[PDB]
J.: 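I have a structure here, written as structure tokens, and I will follow up with some questions on it.
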Amino acid sequence: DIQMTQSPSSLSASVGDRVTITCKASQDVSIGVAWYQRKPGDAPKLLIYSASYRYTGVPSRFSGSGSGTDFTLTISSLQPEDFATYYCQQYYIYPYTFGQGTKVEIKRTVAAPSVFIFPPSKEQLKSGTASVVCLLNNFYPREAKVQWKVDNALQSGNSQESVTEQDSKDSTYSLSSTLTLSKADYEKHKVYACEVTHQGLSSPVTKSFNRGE
Amino acid sequence: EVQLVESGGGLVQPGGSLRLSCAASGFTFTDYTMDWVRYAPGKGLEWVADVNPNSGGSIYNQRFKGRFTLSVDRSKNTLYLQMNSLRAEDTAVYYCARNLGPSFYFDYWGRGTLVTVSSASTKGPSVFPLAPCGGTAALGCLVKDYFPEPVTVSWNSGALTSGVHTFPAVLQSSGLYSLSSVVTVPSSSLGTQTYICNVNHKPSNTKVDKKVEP
């Protein structure tokens, strides 16, 4: 099978920059190369066909070039909505193989997270388990640390964090850290808190609550 | 309006069989070649097979030959993908796609159906509210311990969309998934407006409308 090697595997660029994604074919495919855009949770969208011909409704900023074994996709002026994984595909030889893809992330101004804390619900507590959630909303860069404390004691191995995909409008990330404890462990302590460290914050930020308030 | 509606996806035990179907509409069905393409995180995109709706003739990728059978029903504008002897490696989102002539580039793609190959059982989620004890306030929903993926979350029956952050699902030690859906709203609306999150996990048919009260 013909291998389609994309370079780089991922990249970051500011809004308005010229982005260049290259695709290398293991053998000559002339101009039988298509480019696709796959946004998270969405089906791939056709961008370019015949190596250089732009599909209907595709913005002017997207353009393809190249023949034989070397192909390039160019975004003349990167937009916040252009956050996606881009795939090259050879389509004139079976089994019409696709490249690994290139994740395009957007570089933007540093944005501090708005931090929120949530106590376990009364409905959950009757199930013998307790979840304490710490939300870090709309921040840049992606790097952030969330430490948990119960009765002023640092927690380990009982928390899971989840990060959203880069926002298509403001290019920010969101994070949630879930502290899971048994109803017994939750009922034997009072102070619950999460400490947030991020580049956009001069000093760490704390959000907390006292069980039974 | 061209639309490719997929069905038949879901949880299947290893060694099991699944039949995916794709209902095509908004174009002359017999005028274009129909395909199935698969996507898996880390694995990328893979062309599965193609069928000519006019003749009924199908071509398969050598990895899926014998194991998958691609048929068509012109009277129903539907193509069928019979997938036999499914393994964990077959877990992917399967896309129905359209192409024209000897050029196998796809202009139209379906929504995609997730196929989960696992020995684990279907479990519906427990839905709990996320409410607090300045100008902007945050409220959410905890969708805990469900299998398989996916889950959909909406707020106020789809009226509230701005500031909504539905976090990707995290696989827990138990082999069960869990996620949170949050929303940032003005603080003054907490006492005058009702906030309800609507959770839907189609595999277990669990449809919950949880009211979030601060």
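Every heavy atom of this structure was used, including side-chain atoms; hydrogens, water molecules and symmetry mates were not. Note on naming: letters A, B, ... go to the chains in the order of the sequence lines (proteins, then strands), and numbering restarts at 1 for each one.
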J.: Look only at the side chain of B:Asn61 and the backbone of B:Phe64, and say whether a donor-acceptor pair between them is shorter than 3.5 Å.
T.: no
J.: Parallel, tilted or perpendicular: which fits the ring planes of B:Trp47 and A:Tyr94, with parallel below 30° and perpendicular above 60°?
T.: perpendicular
J.: Angle between ring planes, B:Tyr177 versus B:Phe147, binned at 30° and 60°: parallel, tilted or perpendicular?
T.: parallel
J.: For B:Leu142, is it the side chain, the backbone, both or neither that has a heavy atom under 4.5 Å from a heavy atom of chain A?
T.: side chain
J.: Below 4.5 Å, heavy-atom pairs only: which of A:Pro44, A:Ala43, A:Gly41 has the largest tally toward chain B?
T.: A:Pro44
J.: Looking only at heavy atoms, which of residues 186-201 of chain B get nearer than 4.5 Å to chain A?
T.: none
J.: Top residue by heavy-atom pair count (under 4.5 Å) with chain B, among A:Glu161, A:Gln89, A:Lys45?
T.: A:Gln89
J.: Without placing hydrogens or testing angles, list every side-chain donor-acceptor pair under 3.5 Å for residues 161-170 of chain B, not counting sequence neighbours.
T.:
unit_1   : atom_1 : unit_2   : atom_2 : d
B:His165 : NE2    : A:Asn138 : OD1    : 3.0
B:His165 : NE2    : A:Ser174 : OG     : 3.4
B:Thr166 : OG1    : B:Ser181 : OG     : 2.7

J.: Would B:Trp36 and B:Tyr94 count as a close aromatic pair, with their ring centres under 6.0 Å?
T.: no
J.: Say whether A:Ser171 and A:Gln166, considering side chains only, have a donor N or O and an acceptor N or O under 3.5 Å apart.
T.: no
J.: Give a yes or no on whether the ring-centroid distance for A:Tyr186 and A:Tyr192 is below 6.0 angstrom.
T.: yes
J.: Please state whether the side chain, the backbone, both or neither of A:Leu175 comes within less than 4.5 Å of a heavy atom of chain B.
T.: backbone
J.: At a heavy-atom distance under 4.5 Å, which candidate from B:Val93, B:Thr136, B:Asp107, B:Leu179 has the highest pair count against chain A?
T.: B:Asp107
J.: At a heavy-atom separation under 4.5 Å, does B:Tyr95 approach chain A through its side chain, its backbone, both, or neither?
T.: side chain
J.: Does the ring centre of B:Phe104 sit less than 6.0 Å away from the ring centre of A:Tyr91?
T.: no
J.: Pick whichever of A:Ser131, A:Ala34, A:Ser176, A:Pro40 has the most heavy-atom pairs under 4.5 Å with chain B.
T.: A:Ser176
J.: Is there a donor in the side chain of B:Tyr39 and an acceptor in the side chain of A:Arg38, or the other way round, less than 3.5 Å apart?
T.: yes
J.: In terms of heavy-atom proximity below 4.5 Å to chain A, should B:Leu171 be classed as side chain, backbone, both, or neither?
T.: backbone
J.: What residue in B:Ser180, B:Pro132, B:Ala131, B:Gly44 has the most heavy-atom pairs under 4.5 Å with chain A?
T.: B:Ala131
J.: Under 6.0 Å from the six-membered ring centre of B:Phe106 and within 45° of its axis: does the NZ or CZ of B:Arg98 meet both?
T.: no
J.: Given heavy-atom pairs under 4.5 angstrom as the criterion, report whether the side chain, backbone, both or neither of B:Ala97 touches chain A.
T.: neither
J.: Which bit of B:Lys144 is near chain A, if near means a heavy-atom gap under 4.5 Å: side chain, backbone, both or neither?
T.: side chain
J.: Any chance CZ of A:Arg61 has more than 12 other-residue heavy atoms, nucleotides or ligands included, within less than 6.0 Å?
T.: yes
